[PDB]
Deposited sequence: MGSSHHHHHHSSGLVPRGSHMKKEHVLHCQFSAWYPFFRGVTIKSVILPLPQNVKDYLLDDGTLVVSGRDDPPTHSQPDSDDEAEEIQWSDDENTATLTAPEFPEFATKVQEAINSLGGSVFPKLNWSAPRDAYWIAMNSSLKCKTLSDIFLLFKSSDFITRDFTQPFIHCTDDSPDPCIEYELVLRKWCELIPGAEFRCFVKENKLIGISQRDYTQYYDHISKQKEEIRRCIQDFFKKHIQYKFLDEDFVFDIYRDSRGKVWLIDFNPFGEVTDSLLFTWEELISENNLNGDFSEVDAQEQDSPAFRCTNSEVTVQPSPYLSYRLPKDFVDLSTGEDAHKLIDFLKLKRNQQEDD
């Protein structure tokens, strides 16, 4: 029962003023109309402001917006992590230099955004999985420039809240094992409960929501983002069938392993993303063999 109002509350500019002191320093720039049209181009990719023996494509140039973005990047230290209203171009990592989302110019942001389907989803499918009959609100799209941080791998956790109650914590990179998570399992559990109780509980715009956190090298918990309490958010080591059910998410355990019941369920990966860099059509040997066959058939058709 996720409504379109819940998606609006998870926009960056909606919650950042209220949680500024517990998250990463960021700058929010309104997206100009012509810049929005550029990112929505249905043709081939040409990057804007990049500076033997056929057509030469040129992208639109936005001088006033490029200097505005560059001034915000300099105010954050010269390196930024770009997002839109909700999403980051996490699926366009392969195309950027050194496979990094760190951006120093507007051109770096353009190359990521126009190569990312998560960004395209923010424009074209913002209110998916919503169940209310209300008409789609008008979105005012914005560029979010977040100060770049060198995060430690295996220190990010997704937290699920239902009726202002923290009902579960999940490791965010749930497909990768990290040894230090299970050794610090109880200390992480306590620091996220204290953070939520002091800084998150009763302060977000909804009862049911999801929020991601990062625990730095000194043990301090930082806020990363707010996500909708619905199918649009990956439940990671949890399933939404048991998160809505409000059941005993801790599971079957003995009294020698179980802690207090007030604590939520904490799941991490025990001892044991790919379609991002592939096309929508998606072993490269069989793929090109399949390309030769289809090209010969299209010559006949």
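Residues 1-19, 71-88, 91-94, 314-320, 331-337 of the deposited sequence, counted from 1, carry no C-alpha coordinates in the model.
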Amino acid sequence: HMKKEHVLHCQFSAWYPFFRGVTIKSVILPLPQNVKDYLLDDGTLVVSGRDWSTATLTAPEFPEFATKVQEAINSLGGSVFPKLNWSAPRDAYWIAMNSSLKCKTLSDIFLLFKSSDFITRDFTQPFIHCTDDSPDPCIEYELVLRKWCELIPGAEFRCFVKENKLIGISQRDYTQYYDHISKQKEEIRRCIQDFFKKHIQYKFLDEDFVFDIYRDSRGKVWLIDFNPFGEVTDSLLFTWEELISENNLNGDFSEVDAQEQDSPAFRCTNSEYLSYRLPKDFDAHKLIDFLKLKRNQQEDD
From here on, numbers count along this sequence of modelled residues.
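Checked against the record, the higher mean CA B factor of 4-12 and 290-298 lies with 290-298. A summary of the deposited B-factors shows that, of 92-100 and 164-172, the stretch with the larger mean C-alpha value is 164-172. Among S182, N85, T124, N74, the highest C-alpha B-factor recorded in the PDB entry belongs to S182. Ranking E187, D136, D206, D225 by Cα temperature factor from the entry places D136 first.
Ranked by C-alpha B-factor against the other modelled residues of its chain, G21 falls in the lowest third.
Among the modelled residues of the chain, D117 sits in the middle third by CA temperature factor in this PDB entry. In this PDB entry, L29 carries a Cα temperature factor that places it within the lowest third of its chain's modelled residues. Among all modelled residues in its chain, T44 ranks in the lowest third by Cα B-factor. Among the modelled residues of the chain, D132 sits in the highest third by CA temperature factor in this PDB entry.
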